[PDB]
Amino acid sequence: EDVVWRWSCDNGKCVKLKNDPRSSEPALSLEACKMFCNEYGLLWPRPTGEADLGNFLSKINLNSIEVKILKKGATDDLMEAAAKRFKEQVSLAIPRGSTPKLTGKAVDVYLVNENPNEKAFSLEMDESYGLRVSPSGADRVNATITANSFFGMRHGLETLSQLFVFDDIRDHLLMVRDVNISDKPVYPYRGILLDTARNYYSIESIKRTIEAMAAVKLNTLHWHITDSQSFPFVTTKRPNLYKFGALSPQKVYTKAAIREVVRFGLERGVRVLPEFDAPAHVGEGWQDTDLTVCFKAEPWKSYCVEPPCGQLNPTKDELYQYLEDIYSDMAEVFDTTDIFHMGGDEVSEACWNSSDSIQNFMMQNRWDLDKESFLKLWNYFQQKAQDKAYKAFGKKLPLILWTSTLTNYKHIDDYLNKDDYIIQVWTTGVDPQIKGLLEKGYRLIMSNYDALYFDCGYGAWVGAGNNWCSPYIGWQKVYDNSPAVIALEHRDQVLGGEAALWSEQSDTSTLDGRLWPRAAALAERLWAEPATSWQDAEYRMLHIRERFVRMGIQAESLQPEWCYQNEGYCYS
């Protein structure tokens, strides 16, 4: 039936009041009130530069929006696809089952791509844009997006679509009348790590994830595509790896499917970054090669962090022929990435020390069997693996490794160097390793497990209780986790951050709820690095959750919808 309430801005809060008929004041719908009661309206993330939204809305004819590309170039196909997606972006303002009256002004969207040939991902790419909205004549709106590249331009299309509101009191589609926005991200690497080896994720759910990432301007999908539990990556050159390693014949990622995901990501400004974790985190798929040790070793607690155990045997020269083929097959289909993630997760010495051939190998080279020697074996592996990666990608390119024994800042320079290796950080923001790494010039990606491990909090998956990194991390905590605070003067060496969805307790069915809307908190933290805390983003965070749901994302619920309609009454 008919909406009964209206909202009125009062000290930054939209107050619900009855829509009394005996009033000469025009009623405000909830989101129309929110657009101007809130400092940044309904925007997420909030812009970093100019953020002038004016004071008025204009009624818009949904069928009279037209996008015009003013500069043509190599990104013509990308710009056209982004333009065609803009109307459905706009329709996200309308609740499902509601239809706007097809009246109001016409909208002209002018896209100005000032370097229309640029379309490569790089840490130095220009994601900035300018957004202007103003009345054009009497019956039209002029929205002009100006950006130095396609990626900044499609960010601006995202922000523009957030400047529409549905008046459900009147069934009118509205748009902010006078807008001056300039915007650019604080960090170039704004990512989500998706583990698709501890459990399988449908390609459809991966594309859905990329959709939601683009909606909040995240730009990197780190595809943790192999691990001990499964090998779903279809490597044409070593087919037994996925044939033996896959959980099932249908639970694989073919070349065609990965190409689909990579293209889907490029069109939305998302770099699809593959990882082959090595030399630990291997197992399924390597049967009958004699290239691993400790696979399914028992008791697993004595040999690895979680079952099944298993590590590569770096003393077998055939291993690096396998690795070169894997990396080459990855480079063929992951052909938008400028970076390669090589894992580097903590190696088990007990696993390597229990091997006949490994100990004989270490005798012959004057190595003992102490802790320092197995670190030397790990360095031996990473050097040879790194060479195959360069040959596979046909060029030197940045490589990522996790913080580990190998990348301890006290000895990381022994074989790594800060120009070839980026370090992904799981330690807490107060761990001394971060300061030690930054002073040695290393670049960092923050994935602090106390704020950015999105798998924490659920039940145990071995034994009873809860999983290892519980409690569950609320969005308030991931919002307040600031890399700038963590890095201090070395801020420029922080490339950004990444929410990690490890998947021993997550798959296709839980993907939406694990990531959303919590990854939006990381999106604003990395895009804007606000000096304000989560309380000042709370109202806009509640709205972006609703926008995710309108997109079809099964996003987690944060608060009673009553709180969303009654700002200021839910606090502590």
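Numbers follow the displayed sequence, beginning with 1.
Point to revise | 164-172 set against 428-436, stretch whose average Cα temperature factor tops the other in the entry | key: Mean CA B-factor is higher for 428-436.
Check your understanding: Comparing 134-142 with 88-96, which has the greater mean CA B-factor as deposited?
Key -> It is 134-142.
Check your understanding: From 101, 255, 281, 268, which pick has the Cα B-factor that tops the rest in the entry?
Key -> If I rank 101, 255, 281, 268 by C-alpha B-factor, first place goes to 101.
Review point. Per the PDB entry, which option out of 409, 421, 402, 453 has the greatest Cα B factor?
Key: Spelled out: the listed residue with the top C-alpha B-factor is 409.
**Study point:** Modelled-residue ranking by C-alpha temperature factor, third containing residue 70
**Key:** Ranked within chain, residue 70 CA B lands in the highest tercile.
Exercise for review: Comparing against every modelled residue in the chain, figure out the third that the C-alpha B-factor of residue 519 lands in (lowest, middle or highest).
Suggested key: Its C-alpha B-factor, which the entry lists for residue 519, ranks in the lowest third among residues of this chain.
Practice item. Place residue 244 in the lowest, middle or highest third of its chain's C-alpha B-factors, as listed in the PDB entry. Key: Tercile = lowest for this residue's CA B-factor.
Review point. Sorting the chain's CA B-factors, does residue 11 end up in the lowest, middle or highest third?
Key: Residue 11: CA B-factor falls in the highest third of its chain.
Check your understanding: Relative to the other modelled residues in the chain, which third contains the C-alpha temperature factor of residue 24: lowest, middle or highest?
Key -> CA B-factor rank for residue 24: highest third.
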